[PDB]
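Just one chain is shown here, as structure tokens, and it is the form solved without the ligand.
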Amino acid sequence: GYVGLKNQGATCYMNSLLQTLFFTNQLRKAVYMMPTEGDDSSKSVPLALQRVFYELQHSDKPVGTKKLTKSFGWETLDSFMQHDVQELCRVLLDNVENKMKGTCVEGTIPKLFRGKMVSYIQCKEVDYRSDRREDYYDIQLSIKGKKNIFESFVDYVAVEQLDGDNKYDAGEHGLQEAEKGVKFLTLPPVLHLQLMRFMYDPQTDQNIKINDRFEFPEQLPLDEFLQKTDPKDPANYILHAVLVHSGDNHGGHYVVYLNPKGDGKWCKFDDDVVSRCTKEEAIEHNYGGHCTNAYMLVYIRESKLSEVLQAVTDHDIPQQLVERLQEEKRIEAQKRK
């Protein structure tokens, strides 16, 4: 049923992320609604994303991404090497949130992808506490020395002591013994997790890939990490996508596994070749140990699954957008002949 993206070795994780976003159907529908009719054919990242999405949705042949990469200005070999995957996501989703501003789909990116957490300092021997709320669109999880996603989460919210050299400064009170930590207030409908497999190394001043075993489940209960649970919306997550990489460097092989409709029927998207695969190939096989493994995972909250993955028909694509892309295709085929 699904079509691939053309191979573009220098773009590393880009293709895998494009598919991930394409299959967040509620995002996709919102993308098709952006008022792009006036945009510049070659400078508009919102237009270029609509074009990629349309073509992934209608083309029988593998879809191209050069107009997209031009639009957001990452046209060099090391544009992709100087950035993390989530930084690409931010560049894409921001352009798109901004273009949806003032429209009926304003607020769609925050609604899907944004959560809130509290970061806090608590002094031990005096009453003074500081709470600060931060929003996040993604979470970077540590995997070195952790067996599984559960353990990463426990480490994320684990309390970090501050004393001796590392003491905290409590103004009125003094420098003080304290505890530092984070808790989640909310977890969004679509949860983007990056795994910290690529880490700086001082002993050799260079980033190295860590290929250790790291287990992640199909079904992920996260109530334990919330500051306050909701008994009417339990934080149960369902695995949607597994972004995978083989080898040790930016020359390696990047693929993504998805179960697009949430029903546990999986596929592997390996640039232009899309094929059915087993649940075992998408999940277990990419734990690592034994250089092929996952560096980013997408989960969808169970109570939102129906909404996030609502069907998208061609009726959901304004005809002004169809005509403009179909005219582009007409003229390319014309210069071709």
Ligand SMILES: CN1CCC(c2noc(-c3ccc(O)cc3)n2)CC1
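Just so we're on the same page, rigid core means the largest C-alpha set that superposes within 1.5 Å between forms. Shifts are known only where both forms have a C-alpha. One-based numbering along the sequence shown.
Counting only other entries that model residues on either side of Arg28, is it left out in at least a third?
No.
Tell whether, across the other compared PDB entries, at least a third have no coordinates for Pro202.
Looking at the other entries that model residues on either side of it, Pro202 is missing from at least a third.
State which stretch shows the higher mean Cα B factor in the entry: 15-23 or 309-317.
Mean C-alpha B-factor is greater for 309-317.
If you average the Cα B factors in the entry, which is higher, 27-35 or 264-272?
Stretch with the greater average CA B-factor: 264-272.
So if I compare the CA B-factors in the entry for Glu218, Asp138, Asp127, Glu87, which one is the largest?
Answer, based on the entry's C-alpha B-factors: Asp127.
Going by the deposited entry, which of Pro189, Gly102, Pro110, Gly174 has the highest CA temperature factor?
Highest C-alpha B-factor among the listed residues goes to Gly174.
Using the B-factors in the PDB entry, rank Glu151's C-alpha atom against the chain and give the third, lowest, middle or highest.
Tercile = middle for this residue's CA B-factor.
Ranking every modelled residue in this chain by its Cα temperature factor as given in the entry, which third contains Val63?
Ranked within chain, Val63 CA B lands in the middle tercile.
Can you tell me which third, lowest, middle or highest, the CA B-factor of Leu56 falls into for its chain?
Bottom third by C-alpha B-factor.
For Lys183, return the chain-relative third of its C-alpha B-factor as stated in the PDB record: lowest, middle or highest.
For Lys183, the deposited C-alpha B-factor lands in the middle third.
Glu160's Cα B-factor: lowest, middle or highest third of the chain?
Highest third.
Not pictured, yet referred to below: the form solved in complex with the ligand.
So in the entry with it bound, are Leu18, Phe53 and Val63 all sitting within 4.5 Å of the ligand, heavy atoms only?
No.
Within 4.5 angstroms, counting heavy atoms, which one of the listed stretches 234-242, 115-123, 133-141, 216-224 is next to the ligand in the entry with it bound?
Selected stretch: 133-141.
I'd like to know whether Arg90 contacts the ligand in the entry with it bound, with contact meaning heavy atoms within 4.5 angstroms.
Because a heavy atom of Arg90 falls inside 4.5 Å of the ligand in the entry with it bound, the answer is yes.
I'd like to know if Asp230 sits close to the ligand in the entry with it bound, meaning any non-hydrogen atom pair within 4.5 angstroms.
Close contact is absent here: in the entry with it bound, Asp230 is far from the ligand, nothing within 4.5 Å, heavy atoms only.
With the partner left out here, check for me: in the entry with it bound, does some heavy atom of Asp94 sit within 4.5 Å of the ligand?
The answer is yes: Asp94 has a heavy atom within 4.5 Å of the ligand.
Using the partner position in the entry with it bound, report whether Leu162 sits within 4.5 Å of the ligand, counting heavy atoms only.
No, no contact at 4.5 Å.
Though the ligand is not shown, can you say which of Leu187, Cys267, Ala170, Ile109 has a heavy atom within 4.5 Å of it in the entry with it bound?
Comparing distances to the ligand in the entry with it bound, the residue within 4.5 Å is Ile109.
Taking 4.5 Å between heavy atoms as the contact cutoff, choose which of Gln86, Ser152, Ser71, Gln176 touches the ligand in the entry with it bound.
Selected residue: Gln86.
Once the rigid core is lined up, just say which one of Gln161, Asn148, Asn249, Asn98 has a C-alpha that travels 2 Å or more between this form and the one not shown.
Residue with a C-alpha shift of 2 Å or more: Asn249.
Considering a change of 3 Å or more, are the Cα atoms of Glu87 and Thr204 closer or farther in the entry with it bound than here?
Closer, not farther.
I want to verify one pair: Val63 and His250. Are their C-alpha atoms nearer or more distant in the entry with it bound compared with the form I supplied, knowing the change is 3 Å or more?
Farther apart in the entry with it bound, by 3 Å or more.
Core-aligned, C-alpha shift of at least 2 Å, runs of at least 3 residues: can you list them between this form and the one not shown?
Shifted segments: 203-206, 249-251.
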